[PDB]
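Have a look at the structure below before the remarks.
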Amino acid sequence: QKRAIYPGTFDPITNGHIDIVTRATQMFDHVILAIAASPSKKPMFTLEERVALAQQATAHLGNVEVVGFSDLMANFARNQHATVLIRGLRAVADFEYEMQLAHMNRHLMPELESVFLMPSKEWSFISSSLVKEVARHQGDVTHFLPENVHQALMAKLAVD
Amino acid sequence: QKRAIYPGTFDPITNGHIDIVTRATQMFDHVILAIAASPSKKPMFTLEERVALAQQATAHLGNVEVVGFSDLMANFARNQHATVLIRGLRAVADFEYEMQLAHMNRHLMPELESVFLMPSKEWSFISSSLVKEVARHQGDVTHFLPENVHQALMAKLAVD
Amino acid sequence: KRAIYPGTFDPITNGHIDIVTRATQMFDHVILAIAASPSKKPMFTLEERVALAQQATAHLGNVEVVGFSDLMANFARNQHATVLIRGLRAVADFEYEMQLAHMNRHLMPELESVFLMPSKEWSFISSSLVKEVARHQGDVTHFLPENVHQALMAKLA
Amino acid sequence: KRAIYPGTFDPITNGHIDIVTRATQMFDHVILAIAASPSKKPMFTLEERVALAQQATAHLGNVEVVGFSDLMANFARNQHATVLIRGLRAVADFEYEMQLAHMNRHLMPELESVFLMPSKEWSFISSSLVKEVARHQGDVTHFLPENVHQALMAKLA
Amino acid sequence: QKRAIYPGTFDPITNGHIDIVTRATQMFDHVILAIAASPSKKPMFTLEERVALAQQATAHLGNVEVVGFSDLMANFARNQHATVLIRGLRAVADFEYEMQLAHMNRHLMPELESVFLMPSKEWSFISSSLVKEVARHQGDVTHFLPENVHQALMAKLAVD
Amino acid sequence: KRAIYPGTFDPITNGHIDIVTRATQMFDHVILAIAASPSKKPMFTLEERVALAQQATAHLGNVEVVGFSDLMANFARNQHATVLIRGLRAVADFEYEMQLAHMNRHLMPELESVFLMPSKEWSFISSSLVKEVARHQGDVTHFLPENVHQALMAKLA
Ligand SMILES: CC1=Nc2nc(N[C@H](CC#N)c3cccc(Cl)c3)nn2C(=O)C1
Ligand SMILES: CC1=Nc2nc(N[C@H](CC#N)c3cccc(Cl)c3)nn2C(=O)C1
Ligand SMILES: CC1=Nc2nc(N[C@H](CC#N)c3cccc(Cl)c3)nn2C(=O)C1
Ligand SMILES: CC1=Nc2nc(N[C@H](CC#N)c3cccc(Cl)c3)nn2C(=O)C1
Ligand SMILES: CC1=Nc2nc(N[C@H](CC#N)c3cccc(Cl)c3)nn2C(=O)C1
Ligand SMILES: CC1=Nc2nc(N[C@H](CC#N)c3cccc(Cl)c3)nn2C(=O)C1
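Residue numbers (the deposited numbering), protein chains in the order written: chain A, 2 to 161; chain A', 2 to 161; chain B, 3 to 159; chain B', 3 to 159; chain A'', 2 to 161; chain B'', 3 to 159. A prime marks a further copy of an entry chain.
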C-alpha cells in the first residue's frame, strides 16, 4: 500500500503534469496531487481555481486525490503517510535544483524517497511559466493544456 | 531573398550583439534587429534610447533594420515575412532555456527556423545584465560596448 | 510490483548498494540485472559480477541477482517488471539517461523508468574511478562491499 | 548560399534527415558531407554511408552527398561553402560543438557555424544508440530511413 | 605573504561557507571574509548581524578578518592588497555564472586570480537561500549552521 | 607553499602554459606533473612529454617538470605538495573534476584541489582537439609552444 505525493504550484496544470501523474498512478496505489497554497510568486490562478482544474483534469484517474498544502512538502508527505515524493524531469529541468531539493527533503524526512519520472517527448520542453508567458502575449497554447484549463486560461486573460 | 529577425531586449546593445548581427548579415539578405518594447523587468534604457543606440551601432551594416516590437517574436517574424529567427549562443548561455524557446517558437510558427550563432571568444562570457551590474557598481565596461552606447550608459548612471 | 535495476556492475559499488536498498523499500521485488556488456570490455566476467552482487545483497531479502545479454527492455518484459530503476548522481549522466529511457519507452511503453538519487557519500564515485584508483594501488575499501574489495585486490594481484 | 552539413553519419538517421531538410529550406545548396572517420572505427564503409545518405535524401532536390577525409574547414573552402550546419539536441554536445566551431573559425574565419535544433521526435536518439539497440535485436525501424534500416539489418545478419 | 578575499552575502553564514573559508586559511597567509553590504535582494539579516555572526563563527581561525563592503569585489580586492579571490564550487553551483564573474573580475583586475575551492560532500547540495526557505517553512536546518547562526535564525523567525 | 599541476600533457598546450603561469604567481613552487597515462595510449612517450614541458616552461623560474606513474595523491604527498591545481574550461569537465577532487581528498585530506580558469583564448581547446586537427594537416601553431609544434609536426611526418 504505497502512497506517493506529487507536489507543485500547478499554475495552471498542464499536459506535462497530467502525463507525470498518470505514470505515477500506474506505479503506486495512491497518488496525492499536492497543490502549493502560498507560493513565493503570486500565482495566476487562486488555490481554489488550481484545485478545481486539477480535480477535473484527473477525474478519469481513480487513485488520484487533489489536495492543497501550505507547509513543507516533506511535512505534508509525513502527514499523508506517503513514503514517495514524485518529481517530473523534463529535458529542460534544472537538475542542480532537483538535487538540492531531493537532498534537503531527505535531510528533513530520510524515509521519504524522491522519485524522478520522465514525461513524454511531447511535453519535455514546456513549463506552466512558458505556457502563461506565451498566453499573456496572445500565443496559441491549446496543445499544452487539458480542455477545462484552456477554457479557464482564456477567461482569466479576457478580464486581465 | 531570406529575411531573418534577431530579437532581444538590447538593454543596452553590446559588442556581443554587434558580433552576432554582423555574422547574420553575412548569411541572410535582410536582418531585422528586433527590440522588445515592454520586457517583464523594467529596462535601464527606454525603447527609443535602445532603438537609437542600436541604429547608430549598426549603421555601417547596410542590410540591418532596427525595429521595436511588443508582440510574440514568432508573430513579429510572421509579420516581417521572416523565416529565420537568430539567437546568439555564448559559452555561458542557458541552453535549456534556448531549447524551450525554440520548441515553443516552432509550435507557434513551424516554418520559422531558429538559428544559433556563436559569438567571438571575446564576447562569449558577457551579457547586458552583467555589463549593467558592473557599470552600476562603478566598474570599467568600455571594452564591451560600442562608443555611442558607452557615452549613453555614462550619462544614464551620472543622473541615477 | 516488480522492478529491475540493470547495469554493468563492474564491480558493484556502495553507490549501487545504496540505490538497490532504496528500491527494495519501494517495490515488492527487485531484480538486480547484470548486463554482460562485452563492448565495455569488463574487468570481471559476468559470473564473477553475479557472484559478487549476490553476496553483497544477501542481507536484502527481496533482491534477486540475474545476468543478461538481451536488450534490457526485452529482459524487463521477461522478468514481468513494469519499473526500470536507474541511479542519478549528476547532470552529465542525466542526458544519456534521457536517451536510454526514451528508447526503452519506445521498445516497451508500459515499462516505467524511475530515477533514484544516491546518498551524498556515493554521489562522486563510479565503478570506473574505483578501478582506476585500485590499479594505482589506492585505497578503495570505503567504496566497496568487503567481498568486492577482496575480489578486486585478487584480480589486480 | 552554399552550406555544408558534415558528420560521420554511421548510419544516417531520421534526426540527420530532419536537420538536412531544415537546412534545404534555408540555403540554396546543401552538401551533406560524410567524414571517413577511421578513428571512430565506423560500422559502415564510407561508400556504404555515401550510398545510404544519397538514397535517403534523393527526394530533396538541393542536397549533394559527398565523402571526405580532409580537415572539415578545408573541405568547406573547397566546396565554396560559407555555412557549416551542426545539429543540436542537448547541453552535453553543445560544449564539444563550441570547441569545434571555434577551431573551425580559427582555420576559416569566413565559414559560419550554424546550429539547428531537430524535432522533439529525434531529440533523444543518436547513430550510436540506434546501432546498440540493433545489435541486441531491438526494433529501430522508427528511427531510420527504410534503405538504412535494411542495410543495418543486413550488416548485423 | 598572499592575501585572499572570500566575498559573498553570507545571509546567513552556513557550514558550507565555514568549510570553504577554513580550506582558504590552510592555503593563504591572510583571508578576508568579505560581506556584501547592499545586495540586490534585501537580506534577511542586516550587515551588522551578518558581520557579528561570521566573526563569532570564524573566531577559532586566527588568520580570518571579517569585513563589510559595498563596492565591486575586484575594487575591494585591490584595496585590500589581495591577489586571490576565493569562490566555493558546490556540486549544485551555477558554473556558467562562475565563468562570467571570473572573466569579468579578470577584465577589471587582471592580476587578481579567481580560485575555486570545493566544499565537503556534506555541504555540496545546500545554499543560504535553500536553508532560509526551509527555515521560513518551519523545517529543521540545525545541521547546516554554526550554533550562533542557528540561535540568531530562530530569533529572527520568531518575530517575523 | 608547494603546488602540483598533474595531467597527461599529451602534448602540453598554450592552455596548460596559461594555467601553470597563473599557478606560479600564487604559489612559491609549482611541480608540473606528467602522468604516464598508458590507458589513454598517448601520442608522445613520457620522456618526450617531460622534455617538451621542460623547454616550454624554462622561462618560469619556479616550475619543476616531473613524470609519474603513481596514484596522483601519493605523488603529491611525496612532492610535499598541499595544493593540487586543475584547470577549468567548461561545465562538462567540472563533473569528472568533482569526482577526482573528492577521491583525492579521501586519499589525502590535507591536499587541497584548486581550480583555475584559463584565458578566454584557450577556453575552447584541448590536447585531443589540437592532435585531431594536426592529424588532418590543420594549422595548430597558435595553440602550442614553438618546440611542441615542431615535435608534433615531426611525430605526424
Ligand atoms: C525543501 C523544500 N520544501 C518545500 N516545501 C515547500 N512547500 C510550499 C507549500 C506552499 N505554499 C511550496 C511552495 C511552492 C511550491 C511548492 Cl511545490 C511547495 N516549499 N519548499 C521549499 O521551497 C523547499
Ligand atoms: C515563445 C515566446 N515568445 C516571446 N515573444 C516575446 N515577445 C516580447 C515582446 C515585447 N516587449 C519580448 C519580451 C522580452 C524579450 C523579448 Cl526578445 C521579447 N516574449 N516571448 C516569450 O517570452 C516567449
Ligand atoms: C535502449 C537500449 N537497450 C539496450 N539493451 C542493452 N542490453 C545490454 C545487455 C548486454 N550485454 C546492456 C549493455 C550495457 C548495459 C546494459 Cl544495462 C545493458 N543495451 N542497450 C542499450 O545500450 C540501449
Ligand atoms: C576543427 C576540427 N577539424 C576537423 N576536420 C576533421 N576532418 C575529419 C575527416 C575525416 N575522416 C572528420 C572526422 C570526424 C568527423 C568529421 Cl565531421 C570530420 N576532423 N576535425 C576535427 O575533429 C576538428
Ligand atoms: C563583476 C561583479 N563584481 C561585483 N562586485 C559586487 N559587489 C557587491 C558589493 C555590495 N553590496 C556585491 C553584491 C552582492 C554580492 C556580492 Cl558577493 C557583492 N557585485 N558584483 C557583481 O555583481 C559583478
Ligand atoms: C583519484 C585518482 N587518482 C589517480 N591517480 C592516477 N595516477 C595516474 C598516473 C599514471 N599513469 C594518472 C593517470 C592519468 C592522469 C593523471 Cl593526472 C594521473 N590516476 N588517478 C585517477 O584516475 C583517479
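C-beta atoms are modelled at their ideal positions from N, C-alpha and C, and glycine is treated no differently.
Point to revise | Sub-8 angstroms separation of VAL68/B and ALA38/B beta-carbons | key: Taking the third sequence and counting its residues from 1, the one referred to as residue 68/B is at position 66. Taking the third sequence and counting its residues from 1, the one referred to as residue 38/B is at position 36. For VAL68/B and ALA38/B, no; Cβs fall outside 8 angstroms.
Practice item. Could you round the C-beta distance between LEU86/B and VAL132/B to whole angstroms and report it? I think they count as a contact, below 8 angstroms. Key: Taking the first residue of the third sequence as position 1, residue 86/B is located at position 84. Taking the first residue of the third sequence as position 1, residue 132/B is located at position 130. At roughly 24 angstroms, the Cβ-Cβ gap does not stay under 8 angstroms, so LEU86/B and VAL132/B are not in contact.
Exercise for review: Output yes if chain B' places a C-beta closer than 8 angstroms to the C-beta of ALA94/B; else output no.
Suggested key: In the third sequence, residue 94/B corresponds to position 92, counting from 1. Yes, its Cβ sits closer than 8 angstroms to a Cβ of chain B'.
Check your understanding: Hey, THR84/A and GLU123/A are a contact pair by Cβ (cut 8 angstroms); roughly how many whole angstroms apart?
Key -> Within the first sequence, the letter at position 83 stands for residue 84/A. Within the first sequence, the letter at position 122 stands for residue 123/A. The Cβ separation is near 30 angstroms, so there is no contact.
Review point. So, helix, strand or coil for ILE36/B'', using DSSP?
Key: As a working mapping, residue 36/B'' is identified with position 34 in the sixth sequence. Correct three-state label for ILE36/B'': strand.
Exercise for review: Name, please, each residue of chain B' whose Cβ falls closer than 8 angstroms to the Cβ of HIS18/A'.
Suggested key: The sequence position of residue 18/A' within the second sequence is 17, counting from 1. Those within 8 angstroms of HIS18/A' in chain B' number zero; the least Cβ separation is about 17 angstroms.
Exercise for review: Answer yes or no: does any C-beta atom of chain A' fall closer than 8 angstroms to that of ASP30/A?
Suggested key: Counting from 1 along the first sequence, the entry for residue 30/A is found at position 29. It does not: the Cβ of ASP30/A has no partner Cβ on chain A' nearer than 8 angstroms.
**Study point:** Reduced DSSP secondary structure (H/G/I, E/B, other) of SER125/B''
**Key:** On the sixth sequence, position 123 is the one that residue 125/B'' refers to. Three-state DSSP puts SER125/B'' in coil, outside helix and strand.
Practice item. Could you pull out every unbroken beta strand (DSSP E) segment of at least 3 residues lying fully inside the segment 40-111 of chain B'', listed in chain order? Key: 65-70 and 85-89
Check your understanding: Since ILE33/B'' and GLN81/B'' are thought to touch, with beta carbons under 8 angstroms apart, how far apart are those beta carbons, to the nearest angstrom?
Key -> In the sixth sequence, counting from the first residue as 1, residue 33/B'' sits at position 31. In the sixth sequence, counting from the first residue as 1, residue 81/B'' sits at position 79. At roughly 5 angstroms, the Cβ-Cβ gap stays under 8 angstroms, so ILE33/B'' and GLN81/B'' are in contact.
Review point. Applying the criterion that 16 or more other CB atoms from any shown protein chain within 10 Å of the CB defines a buried residue, is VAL22/B'' buried or exposed?
Key: As a position in the sixth sequence, residue 22/B'' is number 20, starting the count at 1. Classification for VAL22/B'': buried.
Point to revise | Cβ neighbours of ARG79/B' in the same chain (closer than 8 angstroms, five flanking residues each side left out) | key: For the purposes of this step, residue 79/B' is taken as the residue at position 77 of the fourth sequence. So the list reads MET110 and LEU113, once near-sequence residues are dropped.
**Study point:** Same chain only: Cβ atoms within 7 angstroms of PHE96/B', ignoring 5 sequence neighbours per side
**Key:** Counting from one through the fourth sequence, the residue named residue 96/B' turns up at place 94. Closer than 7 angstroms at the Cβ level, and outside the excluded window around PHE96/B', lie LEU90.
Check your understanding: When you compare only the Cα positions, how much space is there between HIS61/A'' and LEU118/A''?
Key -> As a first step, residue 61/A'' must be located in the fifth sequence, where it is residue number 60. As a first step, residue 118/A'' must be located in the fifth sequence, where it is residue number 117. If I take the Cα positions, the gap works out to 20 angstroms.
Review point. Roughly how many angstroms lie between the CA atoms of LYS43/B and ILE14/B, to the nearest whole one?
Key: As a position in the third sequence, residue 43/B is number 41, starting the count at 1. As a position in the third sequence, residue 14/B is number 12, starting the count at 1. Using only the alpha carbons, I get a separation of about 16 angstroms.
Practice item. Determine the contact status of residue 164/B'' and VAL135/B, defining contact as a CB-CB distance below 8 angstroms. Key: Since the first residue of chain B'' shown is 3 and the last is 159, residue 164/B'' is not available in this structure.
Review point. Chain A partners of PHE126/B', CB-CB under 9 angstroms?
Key: In the fourth sequence, the residue the question calls residue 126/B' occupies position 124. Neighbours of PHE126/B' on chain A, chain order: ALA92, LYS122 and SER125.
Point to revise | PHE145/A' (DSSP reduced to helix, strand or coil) | key: Residue numbering aside, residue 145/A' sits at position 144 when the second sequence is read from its first letter. Residue state, collapsed to three classes: helix.
Practice item. Select from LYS3/B', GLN27/B' and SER71/B' the residue whose C-alpha is nearest the C-alpha of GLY9/B'. Key: For the purposes of this step, residue 9/B' is taken as the residue at position 7 of the fourth sequence. The option with the nearest alpha carbon to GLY9/B' is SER71/B'.
Point to revise | C-alpha distance - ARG107/A'' paired with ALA55/A, whole-angstrom precision | key: One-based indexing of the fifth sequence puts residue 107/A'' at position 106. One-based indexing of the first sequence puts residue 55/A at position 54. Each residue's alpha carbon lies about 51 angstroms from the other.
Point to revise | Assumed close pair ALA75/B', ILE19/B' - CB separation to whole angstroms, cut-off 8 angstroms | key: Residue numbering aside, residue 75/B' sits at position 73 when the fourth sequence is read from its first letter. Residue numbering aside, residue 19/B' sits at position 17 when the fourth sequence is read from its first letter. The pair is not a contact, with the Cβ atoms about 25 angstroms apart (cut-off 8 angstroms).
Practice item. Please indicate yes or no: does the CB of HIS151/B' lie closer than 7 angstroms to some heavy atom of ligand 6? Key: Position 149 of the fourth sequence, counting from 1, holds the residue named residue 151/B'. No, the beta carbon of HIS151/B' sits no closer than 7 angstroms to any heavy atom of ligand 6.
Check your understanding: Given a limit of 7 angstroms on CB to CB distance, which residues of the segment 66-88 of chain B'' reach chain A''?
Key -> From the segment 66-88 of chain B'', only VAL85 have a Cβ closer than 7 angstroms to chain A''.
Exercise for review: List the DSSP bridge partners of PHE117/A'.
Suggested key: As a first step, residue 117/A' must be located in the second sequence, where it is residue number 116. Its beta-bridge partners are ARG88/A' and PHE117/B'.
Review point. Any beta-carbon of chain B'' closer than 8 angstroms to the one on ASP12/B?
Key: For the purposes of this step, residue 12/B is identified with residue 10 of the third sequence, where counting begins at 1. For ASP12/B, the answer is no, since every Cβ of chain B'' falls outside 8 angstroms of its Cβ.
**Study point:** Test: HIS151/A'' CB closer than 8 angstroms to a CB of chain A
**Key:** Here the question's residue 151/A'' lines up with position 150 in the fifth sequence. Not closer than 8 angstroms to any Cβ of chain A, the Cβ of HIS151/A'' fails to qualify, so no.
Check your understanding: Among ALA103/B'', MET45/B'' and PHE29/B'', which residue has its Cα nearest to the Cα of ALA159/B''?
Key -> For the purposes of this step, residue 159/B'' is taken as the residue at position 157 of the sixth sequence. Of the candidates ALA103/B'', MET45/B'' and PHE29/B'', the one whose C-alpha sits nearest the C-alpha of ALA159/B'' is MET45/B''.
Practice item. Determine which residues share a DSSP beta bridge with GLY9/B'' and list them. Key: Taking the sixth sequence and counting its residues from 1, one reaches residue 9/B'' at position 7. According to DSSP, which records beta bridges pairwise, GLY9/B'' is partnered with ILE36/B''.
Review point. For the alpha helix (DSSP H) that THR15/B lies in, which residues bound it at each end?
Key: Here residue 15/B refers to the residue found at position 13 when the third sequence is read from its first residue. That residue, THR15/B, is in no alpha helix (DSSP H); it is neither H nor E in DSSP.
Practice item. For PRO8/A'', verify whether its CB is less than 7 angstroms away from any heavy atom of ligand 8. Key: Ligand 8 is not part of the structure shown, which contains ligand 1, ligand 2, ligand 3, ligand 4, ligand 5 and ligand 6 as its ligands.
Check your understanding: Buried or exposed: which applies to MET28/A, given that a residue is buried once 16 or more other Cβ atoms fall within 10 Å of its Cβ?
Key -> Stepping through the first sequence from its first residue, residue 28/A is reached at position 27. For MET28/A, the number of other beta carbons within 10 angstroms of its own is at least 16, and it is reported as buried.
Check your understanding: Taking only beta-carbon atoms, is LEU109/A'' less than 8 angstroms away from chain A'?
Key -> Numbered from its first residue, the fifth sequence carries residue 109/A'' at position 108. At least one chain A' Cβ lies under 8 angstroms of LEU109/A''.
Review point. Any beta-carbon of chain B closer than 8 angstroms to the one on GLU99/B''?
Key: For the purposes of this step, residue 99/B'' is taken as the residue at position 97 of the sixth sequence. Judged by the 8 angstroms Cβ criterion, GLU99/B'' is not in contact with chain B.
Review point. With burial defined as no fewer than 16 other Cβ atoms inside 10 Å of the residue's Cβ, what is the status of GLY63/A'': buried or exposed?
Key: Counted from its first residue, the fifth sequence places residue 63/A'' at position 62. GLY63/A'' comes out exposed.
Exercise for review: Check whether the Cβ of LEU131/B' sits closer than 7 angstroms to any heavy atom of ligand 3, and report yes or no.
Suggested key: The sequence position of residue 131/B' within the fourth sequence is 129, counting from 1. Yes - ligand 3 has a heavy atom lying nearer than 7 angstroms to the Cβ of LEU131/B'.
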